[PDB]
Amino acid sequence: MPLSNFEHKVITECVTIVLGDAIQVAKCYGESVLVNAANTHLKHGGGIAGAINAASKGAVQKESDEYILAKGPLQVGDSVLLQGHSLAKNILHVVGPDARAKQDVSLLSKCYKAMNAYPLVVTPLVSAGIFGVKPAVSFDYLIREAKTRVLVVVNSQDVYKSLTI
């Protein structure tokens, strides 16, 4: 019962909202895929990406740099499955839209659809931090697309209360 370690609320038979650190939730499930909310160049400086990279001792950034050098940068809405680096079975790097740049928020549908390839996914709310989309809106796109087991982890009690009220 890994979720007994965290306040959580089951929303549907697919989606559960969890209050905590997504990295610590994923650590509890060896078969989970952890979602990174990334940018087009996989530069993991801050936000959840910085935290995931630090937890990997910088290995995530090294792997990402090699990928981007070989393939070129990603487009908004793209996703790439990369190594898990002992944090999870794999890390799925998704490029959410940046609302500050007035990018198309509906591209979150593409980000969240990519999660359905995996039986168990631990994800933050993509675009809801640096990229300026409201948590409740990011959640709307997630719940519309989710067809697999998804633990949506939010690290703010204010957003947790807002989504579970």
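Position 1 is the first residue in the sequence shown; the rest follow in order.
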* Asked: Per the PDB record, is the mean Cα temperature factor higher over 1-9 or over 155-163?
  -> 1-9
* To do: Averaging the C-alpha B factors as listed in the entry, name the stretch that ends up higher: 95-103 or 111-119.
  => 95-103
* Asked: Taking the C-alpha B-factors as the PDB entry records them, is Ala146 in the lowest, middle or highest third of its chain?
  -> middle
* Which third of the chain does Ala49 land in by C-alpha B-factor: lowest, middle or highest? -> lowest
* To do: Taking the values exactly as deposited, rank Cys14 by C-alpha B-factor within its chain and report the matching third: lowest, middle or highest.
  => highest
* Asked: Once the chain's modelled residues are ordered by C-alpha B factor and cut into thirds, is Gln75 in the lowest, middle or highest one?
  -> middle
* Once the chain's modelled residues are ordered by C-alpha B factor and cut into thirds, is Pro135 in the lowest, middle or highest one? -> highest
